[PDB]
Amino acid sequence: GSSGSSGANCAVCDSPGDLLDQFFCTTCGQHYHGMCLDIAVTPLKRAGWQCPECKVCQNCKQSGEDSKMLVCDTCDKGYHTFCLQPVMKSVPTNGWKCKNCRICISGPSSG
Ligand SMILES: [Zn+2]
Ligand SMILES: [Zn+2]
Ligand SMILES: [Zn+2]
Ligand SMILES: [Zn+2]
């Protein structure tokens, strides 16, 4: 008479809380509440979400310069300032976007 299905709890607060509410990494397989990581739950982030512990630079693919790593607010992808085109000599205050996101609505929009 025991479920015993407790695991992969929040690596920030260490609590099961809500599973759906919090995202689930694919690499490590951890969970993190939107508040614990101060992330904005979006219909895009959910799909293909990656924790800040596994997420790497899709440009150079080298985990280390986390500090100099910009994190979009939509796609939630990590990109090193120097690994940006153009490059981000410096880091913005708040509200950053990537090229893959800024992509405007252009093309034959189908159903
Ligand atoms: Zn948490
Ligand atoms: Zn992870
Ligand atoms: Zn890089
Ligand atoms: Zn983006």
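Per PDB author numbering, the sequence shown starts with residue 1, numbered consecutively.
Where a beta carbon is used, it is the ideal one built from N, C-alpha and C, also for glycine.
**Request:** Compare the C-alpha of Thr74 against each of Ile103, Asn59 and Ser110 and name the closest.
**Result:** The residue among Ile103, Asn59 and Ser110 with its C-alpha nearest the C-alpha of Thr74 is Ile103.
**Prompt:** Based on Cα-Cα distance, which residue from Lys68, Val12, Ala8 and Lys97 lies nearest to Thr26?
**Reply:** Ranking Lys68, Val12, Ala8 and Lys97 by Cα distance to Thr26 puts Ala8 first.
**Message:** Along the chain, where does the beta strand (DSSP E) containing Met35 start, and where does it finish?
**Reply:** Annotation: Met35 is outside any beta strand (DSSP E) and is labelled neither H nor E by DSSP.
**Message:** Assuming contact is defined by CB atoms lying nearer than 7 Å, are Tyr32 and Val12 in contact in what I supplied?
**Reply:** In terms of Cβ geometry, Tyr32 and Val12 form a close pair [threshold 7 Å].
**Message:** Just to confirm my understanding: we take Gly78, look at its own chain, exclude 5 residues before and 5 after, and list those with CB closer than 7 Å. What are they?
**Reply:** In chain order, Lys55, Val56, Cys57, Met69 and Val71 place their CB closer than 7 Å to the CB of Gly78, counting only its own chain and leaving out the 5 sequence neighbours on each side.
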